[PDB]
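Virtual Cβ from ideal backbone geometry, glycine too; neighbours counted across all protein chains shown. A short reminder: the numbers here are calculations on the coordinates, not readings from a lab.
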Ligand code: CLA
Ligand code: CLA
Ligand code: CLA
Ligand SMILES: CCCCCCCCCCCCCCCC(=O)OC[C@H](COP(=O)(O)OC[C@@H](O)CO)OC(=O)CCCCCCCCCCCCCCC
Ligand SMILES: CC1=C(/C=C/C(C)=C/C=C/C(C)=C/C=C/C=C(C)/C=C/C=C(C)/C=C/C2=C(C)CCCC2(C)C)C(C)(C)CCC1
Ligand SMILES: CC1=C(/C=C/C(C)=C/C=C/C(C)=C/C=C/C=C(C)/C=C/C=C(C)/C=C/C2=C(C)CCCC2(C)C)C(C)(C)CCC1
Ligand SMILES: CC1=C(C/C=C(\C)CCC[C@H](C)CCC[C@H](C)CCCC(C)C)C(=O)c2ccccc2C1=O
Ligand code: SF4
Ligand code: SF4
């Protein structure tokens, strides 16, 4: 629901401050990224949110189905 | 008596395969050669 | 109960064959 | 470049490591008087009477700043692209005239001599380098 | 009564502020003589001291909070956890090194980082040193806690 | 019919529910009159009256009578709305008359709407019910 | 970069050029409309892709289109 | 300049002409609709008076008239509640037996089966049991019969009509100028003196003469009909002196400062009344006397027409320092020229105050027979915490609206607002760090506990019988509060609350209040609270500091406060507006306050509330299972949500069946929100295209053309239904559990 409800520009503005904090911190200055950190894209976020949604859907129901039947009948 | 294989394969599949796989893929996706 | 140890080792050595063949197919599909 | 940097006490919003490594931008303008404006990085600054020079991370920052310099009736603002080689190129306006006005000597770029419902189908252009919008 | 917060280098255009936390002479003393930044050190010497300190403190949470912390094998399990995590850190440093990494950044506090962290060889020397220092620091923390009863008994 | 449908008047579970009937209204015999009215339906083994909707005339009151009643009232509402929208599309500002109703136009239409089936059939046969597919907008295929 | 195209249903009302926050667009001379001007997009390397130009365009089914493409530092709008 | 009254006579004529013109107030809505977007814009812009006019004086006149309209509807609500207590209530039967009659107004009419909601609430009465605590308020007011409630409700109707007439009057007949509103020193003096201090002094007068004698005769247990009417405590002074012997001295020890004579009815007893479980009415009267004197004194600080006093501008300009530049120079012009800035401050601090009121009223129950009524104790706590959270998110919204619209860089130049703008990246990145730290070390400890308990390793949990996390600082503070009577507070007899210590106070066999012990589960849940508040603050503060600009979109304040995006470019810039931060923060406010009210409900039912044995043993409702089950997520699932929702789902065919219906209907509205949250409007507009085709086919297409909801409206509807469904779910759950077990 995080990926489905909160959309991109919030996260992009938040990651810009994390980039500032990393480039202004001492000893953590010694390393950084070869690829620039960005927020997930709009389609990517729909992908990731739907994937989470359906994995959680499947695993919740399969846990309930197996356990409720096998606690009664083995 | 082959139940000793799990104490080899599960730590391999949990640590050695991820570290080697991620190390190769990290060095590969950051390389400017291929 | 179960199968013998030698059968487990034969199954692992036989599984070396499609592992090598899958490595060759996955590298050939990459080019 | 020539100009005085506007008077403010600094911010965390300013130039980051991108300036020293790939690209930096600058806007210059001349002001009739000293007056308070709003920085694109957040905050209040004072422009000088006379020429100014304020460095910015992106070109869009200078276009937003020059958009609010229209509200002070300052219309001689110039934007420069600055590479770490010291190579300064003048980008806006690029012709010398603002792009809202037609100037001669400007050529059409990326004009399609058709309406937009007259693009080819994607299957008609499939397995080739061309897109449906390309000519 | 005067201002304490300044732009860095007297130029307000950078994303920078000289604050008391950022640019105190005591803070600038301390960060600049940490072995990451101390002048007059080879990359091996920096990695060796950084490793020694990190192995030493990383012994602690494995020994006192791990699964075996109530057994007689508690301190040795903590030593093995700290050495395994030092080895993982060394592997991460070597992958960072061999990725042709970007350069270390100067800041308000450190005006100029060492040339050790600017190329691949300085990072590889650092990581080779970090491994040795880390295993040594974890071993010295192991012997100072596991024999702490005897060391108190010598008094 | 199917799955143990006895009459309500013979079902012992219906007779057991009728003894503990709740009063629906302030009438002290709403529950008794409810079960006396429901006594002629068919009944599951739990005591509750099941409805049969296949269209037989023994059970016309289950679904056939409310079907005719709904379809008449719904055609009234829809035909009156269609007549009002068609009457206001010529009066020089149509959108303003959709949020502010002309009562002098709408109220004779809601009075006229009792005979919507005859009006709808005369609308159908004269070709005035539908617009042509070339007259109304579509999107590119 | 992104790709910004202009079609001949342009009427030269200059609104896309005013809408652009990164100076991608400009007005060039023409004879195809009453205003005698088109839009043109020479600086598409500075296109962020924000589609303000398409919002500003008044012709029914736009005379300017942005086709989003390969993302760069300028097109992602990154100040770092 | 002096504070005076200048009034325009007859600014706006009273006529029904504009009631026939919907959207007359906006110049773009006055053209009439073309699409259905117009209809929603008429409601989104109805109270946005900056879009109505650009003149601050007419904006201020509109605001001042609309306040009287709002006061009218609130007084209609309050007189309605008092009228239902007068007429449709078992209040007189409840006064005679406060421990066994359940409080009820709202008889339900007998139609389609709904008279099952008229439960046996005691006192020979059938109706819906109420949890709003009006019975206790009228009890503490000293109301003894229905006729006094009828008089109060009629007076409330008169006062509501008087407010409504005042709102007509100050917009059409006598409307104040701009400088009448900008006398903030005059308004603060009058509010602190008259609206707070004189009000609290008059209320102390009522408490001394009416509430305390009648409630003292009730606690003696006389009768409801033998207690005399309270004007017979003024006319016949001997009835006071029989109860309170300090009245025999009269008013002469007040003026001669012999105030120890008044110690019969102005006590400092500290704890609770053992008969009612409420606060002592003499403590409450003494409270209001002290508070009244302090407020009257405090309302003389500010300069008005006579030279003495303070300029608030001169106070704010002197509070600069070496870290903060010019300090608070310019903040006076922000708060005197922007109504949104004032609404931000008052909304944030009024919400914070309501959360304080909720924490205070459970632990120090003011009203007689309030603490033993566990349904009222649960419901008023959770009600005022929700009012607090909503008002705080409102204060963040109006701070961002100030920052977009009314922020002036010339006024706010090197002051504390300009300096927090210029280091907003440091603030927001450290708050990001804090939120991640608090998340890991609050929720990850629960995940550790889940996994260690599931792996059969409870010796590795963070609990009281394993690795411990004791709340040493809160335990120390509660020790200091237990030891305060006789020590640091020598003139107090009992502690302020029994929540810190002092022993079980039982009323009618049930616990009124007992010490709330704090342990590892309490440590964990307070850090859950710290985490969820800090994340909500991150979202709202980020939306206020970045309302005008970020690194991504520089000219964000040109786009407005409330806008969907700036296109799919720059990677995609969806939800960058300050409005969208209010949107995202409403969910985290919901998350935080749901965990707060769940903590409250299960901590009280497990460790405070319950029945007291005749020996003195406390037997709690859920039996002390908070200590070992509130430390995992499986425990909160099973032992709280699964176990306590047994009463809302078994509630059909009974008096609590409307709670089960609301439970399912709220799950419905909650799930129905997600269609609006997870989708976007391109789908819905394209579906409306084919439906408009089928209407164009049958000649039923409307001229007001159908549009899908705007991106902002889709988000607004989604969060409104998400909040409505989730809060109504917890409402029906709380009601049906606590009306059954407590
Ligand atoms: C995020 C919260 C959290 C925390 C605090 C812990 C804590 C713990 N877990 Mg655990 N766990 C968690 C989440 C958490 N878990 C989750 C989410 C899972 C997934 C299911 C597990 C699964 C798990 C398993 C399977 C096991 C544990 C175990 C343990 C214990 C030993 C681990 C250890 O050696 O740490 C090693 C820690 C470090 C190497 C680093 C510690 C970090 C340091 C202290 C930070 C210091 C920062 C410092 C203040 C900054 C300095 C400033 C500078 C200027 C000086 C420890 C009590 C083991 C156990 O026996 O339980 C008792 C075990 O077997 N955990
Ligand atoms: C004048 C009224 C009117 C009429 C005659 C129709 C007619 C129709 N609609 Mg419909 N519709 C209306 C209003 C109306 N619509 C309104 C106001 C909305 C927005 C809620 C819709 C939304 C809508 C959808 C989403 C769909 C239809 C569909 C359809 C078709 C199938 C029947 C159906 O599904 O009904 C269902 C209609 C509703 C549930 C809408 C509620 C009807 C309201 C309550 C009554 C309107 C009466 C009007 C306000 C009174 C004015 C009278 C005047 C004197 C003032 C049919 C052509 C379907 C279609 O295309 O299938 C081919 C379809 O999918 N309608
Ligand atoms: C003292 C309280 C107070 C006041 C006076 C205002 C005043 C204002 N707010 Mg505001 N606000 C408040 C609290 C307050 N707010 C709170 C608590 C929040 C947090 C949720 C907000 C969040 C907020 C936002 C996010 C926005 C405003 C805006 C506005 C302005 C225009 C609003 C308008 O036209 O109304 C229009 C009102 C409606 C269309 C009604 C909406 C229907 C509500 C949401 C449903 C309520 C459900 C109901 C209670 C329960 C179900 C009942 C139902 C089944 C019948 C106006 C200045 C807007 C603006 O731009 O300001 C300049 C804006 O965008 N406010
Ligand atoms: C919004 C909530 C803030 C709380 C966040 C907590 C940690 C964040 C700290 C970040 C450092 C910020 C840099 C400050 C900005 C800075 O310039 O600092 C300097 C500032 C003083 O500035 P000046 O001296 O210039 O101020 C003079 C004028 O500004 C007028 O005061 O000192 C602080 O305020 C530090 C104290 C904050 C410490 C918070 C104490 C909270 C007290 C809590 C009382 C609660 C009740 C307790 C009962 C037991
Ligand atoms: C400053 C400060 C602080 C901090 C502190 C800390 C942070 C510390 C740390 C500490 C530590 C952390 C330490 C460490 C140490 C270490 C050591 C002591 C080590 C050693 C090692 C060694 C000696 C080894 C050797 C070896 C061996 C044995 C073997 C072989 C190898 C080798 C050679 C390596 C505080 C905050 C409090 C306060 C303020 C100030
Ligand atoms: C509940 C309610 C109500 C009621 C209310 C009331 C009934 C009120 C009252 C009120 C009151 C009844 C008040 C009063 C107050 C008073 C006051 C506030 C007074 C004070 C005074 C003073 C301040 C004094 C002074 C003095 C001195 C100090 C000394 C010298 C002399 C003299 C005397 C001057 C109503 C109906 C509305 C509605 C519903 C609700
Ligand atoms: C479902 C959905 C819609 C569809 C909803 C629409 C088009 C509005 C809902 C229809 C209204 C409620 C119809 C009102 C019509 C008449 C007022 C009904 C009158 C009936 C009388 C009896 C009063 C969106 O438009 C949308 C937009 C953006 C993001 C998400 C969504 C989204 O999820
Ligand atoms: S997408 Fe944006 S940057 Fe590109 S041409 Fe349009 S308005 Fe300009
Ligand atoms: S997905 Fe929607 S809100 Fe997001 S950038 Fe696109 S149009 Fe805007």
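By the beta-carbon count within 10 Å of each Cβ, the least crowded to most crowded order of E:154, A:4, fewest first, is E:154, A:4.
Distance between the C-alpha centers of segment H:373-390 and segment E:121-148? Whole Å please. Measuring centre to centre over Cα atoms gives 57 Å.
I'd like the orientation of helix E:120-146 relative to chain E: the angle between its Cα long axis and the longest Cα principal axis, in ° from 0 to 90, rounded to 10. Helix E:120-146 sits at roughly 40 degrees to that axis.
Computed on the Cα atoms alone, the convex hull of chain E gives a volume of 179 cubic angstrom per residue. Could you give the Stokes-Einstein D for segment H:311-455 in µm² per second, using the C-alpha Kirkwood radius, 25 °C, 0.890 mPa s? Estimated via Stokes-Einstein, D reaches 130 µm²/s. In chain F, the convex hull through the Cα atoms has an average projected area of 16.2 nm², a quarter of its surface area.
The mean of 1/r over all pairs of different alpha-carbon atoms in chain G, once inverted, gives a Kirkwood hydrodynamic radius of 12.7 Å. As a calculated quantity, the FRET efficiency between residue F:20 and residue H:634 at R0 = 51 Å, using C-beta atoms, amounts to about 0.80. Within 10 Å of the Cβ of each residue in A:28-39, the mean number of Cβ atoms contributed by other protein chains is 6. Taking only the C-alpha atoms of chain H, Rg followed by Dmax gives 28.9, 92 Å.
Projected onto their three principal axes, the Cα atoms of chain A cover extents of 61, 29, 18 Å, largest first.
Here, segment H:209-289 yields an orientationally averaged convex hull projection of 5.5 nm² when only Cα atoms define the hull. A convex hull fitted around the alpha carbon atoms of segment H:641-719 yields 154 Å³ per residue.
Where the alpha-carbon atoms of segment H:479-542 are placed on the principal axes, they occupy 48, 32, 21 Å, in descending order. Taking only the C-alpha atoms of segment D:1-104, the Rg (one decimal) and the largest Cα-Cα distance, Dmax (whole number), read 13.5, 44 Å. Separation of segment F:12-48 from segment H:586-629 is 44 Å, based on Cα centroids. Taking the longest Cα principal axis of chain F as reference, the axis of helix F:103-112 is set at about 50 degrees.
Every helix of 4 or more DSSP H residues in the protein assembly as shown counts as -39500 (n - 2.57), and over all residues that averages to -15500 deg cm²/dmol at 222 nm. This ranking places H:19, H:602, A:11 by how few other beta-carbon atoms lie within 10 Å of each, fewest first, which gives H:19, A:11, H:602. Calculated on the Cα set of the protein assembly as shown, radius of gyration then Dmax: 38.2, 116 Å. Mind grabbing the base-10 log of I(q)/I(0) for segment E:28-78 at q = 0.22, 0.27 Å⁻¹? Debye formula, identical points on the C-alpha positions, no solvent, two decimal places. Normalising to I(0) and taking log10 leaves -0.74, -0.92. For segment H:416-540, the convex hull spanned by the alpha carbon atoms encloses 195 Å³ per residue. Reducing segment D:30-49 and segment E:6-49 to their Cα centroids gives an inter-centroid distance of 32 Å.
Averaged over peptide E:33-42, the number of partner chain Cβ atoms lying within 10 Å of each residue's Cβ comes to 1.
Counting, for every residue in H:552-565, the Cβ atoms of other protein chains within 10 Å of its Cβ and taking the mean gives 5.
Ordering F:38, D:77, H:683, A:10 by the number of other Cβ atoms within 10 Å of each residue's own Cβ, fewest first, gives H:683, F:38, D:77, A:10.
Treating each Cα of segment H:1-142 as an identical point scatterer and summing with the Debye formula, the log10 of I(q)/I(0) at q = 0.16 Å⁻¹ comes to -0.88.
Against chain E, whose longest principal axis comes from its Cα atoms, helix E:74-97 is set at around 40 degrees.
Translational diffusion of segment H:81-203 was estimated from the Stokes-Einstein equation, with Rh taken as the Kirkwood radius over Cα pairs; at 37 °C and 0.692 mPa s the coefficient is 185 µm²/s.
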